[PDB]
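Survey of secondary and tertiary structure
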Protein chains: 2
Amino acid sequence: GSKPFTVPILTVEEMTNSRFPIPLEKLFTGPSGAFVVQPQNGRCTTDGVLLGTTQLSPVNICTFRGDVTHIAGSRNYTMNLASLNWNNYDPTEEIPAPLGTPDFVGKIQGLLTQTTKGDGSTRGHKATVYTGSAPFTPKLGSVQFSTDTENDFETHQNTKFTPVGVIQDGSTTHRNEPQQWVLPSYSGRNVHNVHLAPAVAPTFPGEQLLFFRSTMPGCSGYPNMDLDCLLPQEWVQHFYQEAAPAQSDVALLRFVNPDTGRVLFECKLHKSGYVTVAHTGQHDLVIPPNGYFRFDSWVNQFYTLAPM
Amino acid sequence: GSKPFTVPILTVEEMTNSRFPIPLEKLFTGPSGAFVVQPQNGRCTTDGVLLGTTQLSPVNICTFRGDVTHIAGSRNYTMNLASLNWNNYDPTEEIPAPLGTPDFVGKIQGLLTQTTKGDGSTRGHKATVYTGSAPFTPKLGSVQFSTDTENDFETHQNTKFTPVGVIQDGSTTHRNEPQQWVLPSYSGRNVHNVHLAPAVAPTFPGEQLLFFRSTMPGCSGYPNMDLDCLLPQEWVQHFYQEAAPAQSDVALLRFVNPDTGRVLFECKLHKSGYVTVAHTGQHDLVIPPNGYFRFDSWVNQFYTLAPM
Ligand SMILES: CC(=O)N[C@@H]1[C@@H](O[C@@H]2O[C@@H](C)[C@@H](O)[C@@H](O)[C@@H]2O)[C@H](O[C@@H]2O[C@H](CO)[C@H](O)[C@H](O)[C@H]2O[C@@H]2O[C@@H](C)[C@@H](O)[C@@H](O)[C@@H]2O)[C@@H](CO)O[C@@H]1O
Ligand SMILES: CC(=O)N[C@@H]1[C@@H](O[C@@H]2O[C@@H](C)[C@@H](O)[C@@H](O)[C@@H]2O)[C@H](O[C@@H]2O[C@H](CO)[C@H](O)[C@H](O)[C@H]2O[C@@H]2O[C@@H](C)[C@@H](O)[C@@H](O)[C@@H]2O)[C@@H](CO)O[C@@H]1O
């Protein structure tokens, strides 16, 4: 008596990263035994429960909204955060941070834009947020932006950050930032993170996570532009709507090639919202552009996959 | 024997504009007898045929990709366009312009970003494209950007424009640009546009188009930031996947309020991909946040709606 579970038929290249507002490019698998995989965007159960900081909009990911105050002697502005909906922010909500908050330590560059309500005058400037910085305290309601202006932004007017890409600067050596698997301290460095979506790992020998991979635009320096998500944003939207009950811990998916009619590989979609495959080693999957995922049956954590 | 037609259950505020990569905010209706409504993004038939310049990604809308050449004595760069997938562009495809090309005359501001293949060095700069300019010839494979640099960008390296908002500048007076209902000349001023998605209008007395409305960020001046689309991007994605056959020219939708169980209004979803309502005058609809569209039955162009 359970509504039948499905995944979208969109191809990988027809879908969006759930951790940054950019298209998916490829599937990637690699070992992750040595570190914790705990992203907070792109987290959703197969039955449609959003986790972490996950929200439904592809374009709100890594955005911030609020009003800003200038820091004297600098081009820096403090943003006092509003809700996604431009209402007052509530720090007591049982989430790690405001929905859509970046879930990695990095220097994210974009534009900060503003409109003056009274006359409809507008302004925009290049801006960067360092999510590893001491002033990055989104859970407490404020973050800081480095901008290209010292005087243009007004106080007490709605202000939006739209993310574009990432930078590597200052101290750092090539491709050592951003660090996609390092969570920000949402309340600052001395305060532990709360209400997190859990870390994920394969629990089977010879298995690895399967990642949905994009390349973030780079805006300066020699950044690591790889970005891996656990679920496409479209999948998040799909599960949220469908809300099909998980009949077992694991949904078995087959990846199908329509140009031949054959299955390329099979994988496990865990009910808590992540995918694993049977492979050892780093591998960029090579897939046909029209390839798609198809739900075939419910199995369990003990099911042995065919090697990828 | 037709697969049953449906629309997504996502609420308006949970969906994305199909003409710019920003969230939907509201529903709007107004008269449009006096001018032609012929957007090229967010065009899809109910049975899943993409029209105009429409593509499936919410985040590729109003993007450009290619490589750039500097124009001496300026901060201007010519971009020789690539395909969405970074392959050579084909001008002979039976489309108006490259998929995702802006479908309005305006000054769109964002960031232009670039990566050097050999060493992974990167750069990004604020940039604007004037879609009403003589050099805006995307169908012919090139457009021009005004940037904040005269020497940083390299030749023959992959370069991306990510849109953020719009500006009003130069000569123009308040809120007279952008002009969302004026199509660019995709091949330049002397060449007529081709392969367009058709203009839309209500064909019934006392009917108006229903628009899915957002406010574009403004980056300078006093722009008109209203942006109206005919279909949410999620709807485009949905119809594309479902491909449910249109049993009649018109699908009757009811907009439902779950907080009361009552229908707020009814509307016509035309099979060619647009919505009409029975109302006269400009009106910002007031809707509950959890309100949703529900397909109830197939009717026709002659069906008389209940007044909104
Ligand atoms: C946005 C900006 O102006 N950034 C500069 C940065 O240039 C950016 O990054 C470099 C790698 C290159 O892609 C530029 O096109 C881009 O604008 C500067 O980087 C130095 O840039 C020169 C070229 O102008 C050389 O490429 C040099 O190798 C770069 O230096 C090293 O990389 C930097 C990112 C720093 O880590 C620096 O300590 C390194 O020696 C830097 C350097 O002043 O300054 C801005 O960030
Ligand atoms: C990005 C930038 O520097 N743009 C300026 C522009 O300022 C932008 O737009 C104005 C409306 C305001 O929102 C600024 O905060 C924003 O940076 C300049 O606009 C003049 O700006 C001053 C404030 O610095 C006044 O607001 C003035 O009314 C503005 O002028 C008129 O509006 C302009 C957009 C032009 O149409 C001008 O002819 C008008 O008289 C302009 C003016 O030099 O210059 C850049 O575009």
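Now for a description of the structure that goes with this document. (Residues numbered from 1 in each chain as written, not as in the entry; some residues may be left out. Chains lettered and ligands numbered in written order. Heavy atoms only, no water. Residues with missing side-chain atoms left out of burial classes, pairs and counts.)

Estimates place the volume of the largest cavity at around 190 Å³. Its residues assigned to classes, the lining of the largest cavity comprises 12 nonpolar, 4 polar and 2 charged. Along its surface, the second largest cavity is lined by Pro-58, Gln-233, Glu-234 and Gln-237 of chain A together with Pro-58, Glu-234 and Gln-237 of chain B. Where the lining of the second largest cavity is concerned, the elements lending two or more residues are α1 (233-242) of chain A together with α1 (233-242) of chain B. Per element, the largest residue contribution to the lining of the second largest cavity is 3 residues, and it comes from α1 of chain A. Its residues assigned to classes, the lining of the second largest cavity comprises 2 nonpolar, 3 polar and 2 charged. (1 Å grid on protein atoms, 1.4 Å probe; cavity = no way out; pocket = protein on both sides within 12 Å on 5 of 7 lines; lining within 4 Å. Points joined across faces, edges and corners; volume = space filled by probe spheres on them. Nonpolar A, V, L, I, M, F, W, Y, C, P; charged D, E, K, R; others polar. Helix = DSSP H or I, 4+ residues; strand = E, 2+ residues; numbered from the N terminus.)

What follows covers the site of ligand 1. Taken together, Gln-168, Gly-170, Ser-220, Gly-221 and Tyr-222 of chain A together with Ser-121, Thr-122, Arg-123 and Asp-152 of chain B make up the full set of residues near ligand 1. Those residues lying near ligand 1 are distributed over chains A and B. Here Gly-221 of chain A contributes a backbone N or O atom positioned 3.1 Å from an oxygen atom of ligand 1. Contacts to ligand 1 include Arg-123 of chain B, whose side-chain N or O atom sits 2.8 Å from an oxygen atom. When isolated, ligand 1 has an accessible area of 730 Å², and the protein chains bury 43% of it. The set of elements that each furnish at least two residues to the shell around ligand 1 consists of β9 (218-221) of chain A together with β5 (122-130) of chain B. Of the residues belonging to the shell around ligand 1, the class tally is 1 nonpolar, 6 polar and 2 charged. (Near = heavy atom within 4 Å. Polar contact = N/O pair within 3.5 Å; in protein donor to acceptor, adjacent residues only side chain to side chain. Areas by Shrake-Rupley, 256 points an atom, 1.4 Å probe, with all protein chains shown as cover.)

Mapping between the two copies of the chain is achieved by a rotation about an axis and a shift along the axis. Between the two copies, chain B and chain A, the superposition gives an RMSD of 0.0 Å; the rotation angle is 180° and the shift along the axis is 0.0 Å. Each copy turns onto its partner about a two-fold axis. Looking at chain B, 100% of its interface residues are interface residues in chain A too, so the copies touch through the same face. (Least-squares fit on C-alpha atoms. Contact = heavy atoms within 4.5 Å.)

Time to look at the side chain of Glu-234 of chain A. Considering the arrangement of structural elements, one finds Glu-234 of chain A in helix α1. What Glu-234 of chain A contacts, discounting residues up to four positions off in sequence, is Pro-8, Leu-10, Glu-14, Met-15 and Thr-16 of chain A together with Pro-58 and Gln-237 of chain B.

Take the packing of aromatic side chains next. Tallying each qualifying case throughout the model produces 37 aromatic pairs over all chains. Plain terms: the ring middles of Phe-255 of chain A and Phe-293 of chain A are 4.9 Å apart, the flat faces sit at 80° to each other, and that makes the pair edge-to-face. With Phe-255 of chain A in strand β11 (residues 250-257) and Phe-293 of chain A in strand β15 (residues 292-299), this pair connects stretches of sequence that are 38 residues apart. Connected via pairs of aromatic rings, a cluster forms that spans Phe-5, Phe-212, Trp-235, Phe-239, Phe-255, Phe-265, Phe-293, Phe-295 and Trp-298 of chain A. Above the face of the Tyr-130 of chain B ring, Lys-107 of chain B is positioned so that its terminal group lies 5.1 Å from the ring centre. A cation sits over an aromatic face here: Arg-213 of chain B above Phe-28 of chain B, 3.8 Å from the ring centre. (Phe/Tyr/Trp six-rings, centres within 6.5 Å; stacked < 30°, edge-to-face > 60°. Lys NZ or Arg CZ within 6 Å of the ring centre and 35° of its normal.)

Extensive coverage of α1 of chain A is indicated by the burial of 8 of its 10 residues. Of the positions making up α1 of chain A, those classed as buried are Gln-233, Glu-234, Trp-235, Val-236, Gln-237, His-238, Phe-239 and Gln-241 of chain A. If you follow the buried residues of α1 of chain A, they end up packed against β8 (207-215), β11, β12 (262-270) and β15 of chain A together with α1 of chain B. In the stretch just after α1 of chain A, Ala-243 of chain A is the one whose phi turns positive, near 55°. (Buried < 20%, exposed > 50% of the residue type's maximum accessible area, 1.4 Å probe, protein only.)

Moving on, we get to the side chain of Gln-168 of chain B. Residue and element names in this part refer to chain B. Structurally, the position occupied by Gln-168 is in the loop between β7 (159-167) and β8 (207-215). Among the polar contacts listed, one links the side chain of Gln-168 to the backbone nitrogen of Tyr-222, at a separation of 2.9 Å. Apart from the residues within four sequence positions on either side, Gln-168 is in contact with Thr-173, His-174, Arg-175, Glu-177, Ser-220, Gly-221, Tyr-222 and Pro-223.

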